[PDB]
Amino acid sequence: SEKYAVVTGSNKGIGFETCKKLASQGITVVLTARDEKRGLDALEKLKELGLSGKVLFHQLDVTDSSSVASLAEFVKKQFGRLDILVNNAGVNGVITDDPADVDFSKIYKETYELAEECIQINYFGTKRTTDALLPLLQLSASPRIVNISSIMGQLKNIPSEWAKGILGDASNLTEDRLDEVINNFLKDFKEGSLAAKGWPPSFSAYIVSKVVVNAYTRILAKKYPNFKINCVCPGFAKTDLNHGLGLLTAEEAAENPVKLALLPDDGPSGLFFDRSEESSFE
């Protein structure tokens, strides 16, 4: 009867709002955060809303194997299974550094270290968390995995014909092939050859991370036909990711992953959604 969810990176932003919506529907939700204080503060806010679903907190840093293992063991002990995983934790890989004359071209700085970390959080963190929780999801009557992506994850944002050839060939997609794409991107980043090798010149790591997350979503969906495993652009949302800029509120944006978490049992899998609408991987 009761259903269980984990949302990664849910002390704030879209993740927080996703926890709220799931708990409002009666789902037992584990809010997670890499920082304990931020996570406990967020839990307190959710407790104040008197939602039907129980809310719990557990620490989680998706880049830390010990942290991931501890979360998995907690879920195993508390629930014995998991029904929903939302892979929401993510970063943009940049740091901030006449009105018509105002030039913003240098305000966002990108470094190799930030690129590497962005890929580690957005992609390897999603993979690590999913791997750890998969045995528990396998015990659900209707498991769901929702990977939060971006419209910038469409293949058309990567000029490289080499990269698109691998990333777009669904029938031959493997985790090892995704590693080859990542490795080459990072090598090219470090060498200073992004333009020459057909990588996006700006928000480079973020875009690559999201294209790869979309491809990873397809791999998973094929391996686990009883699961609903979908990826979703939640929309351009006013969160700290964009330093407060956006068109949607975080609450409005969270509607989109929540719908994918709460699909009917005969619902789709292996698809990309732009907000509420099915969209192309291309």
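When you see a residue number, it is the position in the sequence shown, counting from 1.
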query: Count class of coordinate-free deposited residues lying between the neighbours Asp97 and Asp98; finding: 10 or more
query: Per the entry, higher mean C-alpha B factor between 11-19 and 269-277; finding: 269-277
query: Residue stretch of maximal mean CA temperature factor, 141-149 vs 103-111; finding: 103-111
query: From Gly125, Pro135, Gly93, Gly198, residue of greatest CA B-factor; finding: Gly198
query: C-alpha B-factor winner, where the candidates are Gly246, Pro225, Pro257, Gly39; finding: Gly246
query: Within-chain third of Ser171 by Cα B-factor, per the entry; finding: highest
query: CA B-factor ranking of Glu116, expressed as a third of its chain; finding: middle
query: Among modelled residues of the same chain, the CA temperature factor third for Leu85; finding: lowest
query: Record-listed C-alpha B factor of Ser66: chain third; finding: highest
query: CA B-factor ranking of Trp162, expressed as a third of its chain; finding: highest
